[PDB]
């Protein structure tokens, strides 16, 4: 049972998941002096249908907002991709204090949290379960979240957490378009990488937005007030769930800008 504390956390994951020491691990530090501008990168195109929003779930280490993924009502196109990728989930990472919490860093700078919008390749594969281990199977948009003014676009998500306070609790989460959470500019970096927690499959093409979005200290506190224990047990707040950055191992981070 992997986790984020010192006994089961990122620096121990390799004992159970050897790919943690792989060549395409995520997240990474994006050194902007070493990025390579790619004129062939197309703009990112997201077209999400709010009716595909399904459920919010406390998964112990985090919470997930899941989407109906039976058809192409909600898709990501463009960027480095030739195929269409079908939305299936968004979630966040945060840290114990505001000084850290993002997974990716930019020129060594740690942000307070990070939003992940995850999709799977429905052009080549028939299900998330099939796509999840394929090198071209997953596409995840990462948005760095900078502490500052309260972000009103997070409201529906934050209001839902009171119904999923403890591990395993699930509740309907409907009529929501998560493209409303993205920054106004979709200038981006991209690199081949991995899921940032077990099973750490090197199946993710990362799209990291250049522009951050805001989040307030109190909104971050709502994340950390989620409980990792099951109802009835001693309360264990979800203090943090971000993985440290990993070596590029010769990968190249491309810039759309």
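Positions refer to the first chain, counted from 1.
Colleague: Take the C-alpha B-factors listed in the entry for 97 to 105 and for 140 to 148, compute each mean, and give the stretch with the larger one.
Modeller: On average, C-alpha B-factors are higher across 97 to 105.
Colleague: Would you mind comparing 151 to 159 and 111 to 119 for me and telling me which has the higher average C-alpha temperature factor in the entry?
Modeller: Going by the record's values, the stretch with the higher mean is 151 to 159.
Colleague: Kindly indicate the residue among 166, 89, 82, 179 with the greatest C-alpha B-factor in the PDB record.
Modeller: Of the candidates given, the C-alpha B-factor peaks at 82.
Colleague: Hey, out of 66, 214, 225, 39, whose CA B-factor is highest in the deposited coordinates?
Modeller: Result of the comparison over 66, 214, 225, 39: 39.
Colleague: Looking at the temperature factor on the CA atom of residue 198, which third of the chain's modelled residues does it land in?
Modeller: Residue 198: CA B-factor falls in the middle third of its chain.
Colleague: Of the three thirds of its chain by CA temperature factor, lowest, middle or highest, which one includes residue 31?
Modeller: CA B-factor rank for residue 31: highest third.
Colleague: Which third, lowest, middle or highest, does the C-alpha temperature factor of residue 49 belong to within its own chain?
Modeller: Within its chain, residue 49 is a highest-third residue by C-alpha B-factor, going by the deposited values.
Colleague: Ranked by Cα temperature factor within the chain, is residue 24 in the lowest third, the middle third or the highest third?
Modeller: For residue 24, the deposited C-alpha B-factor lands in the middle third.
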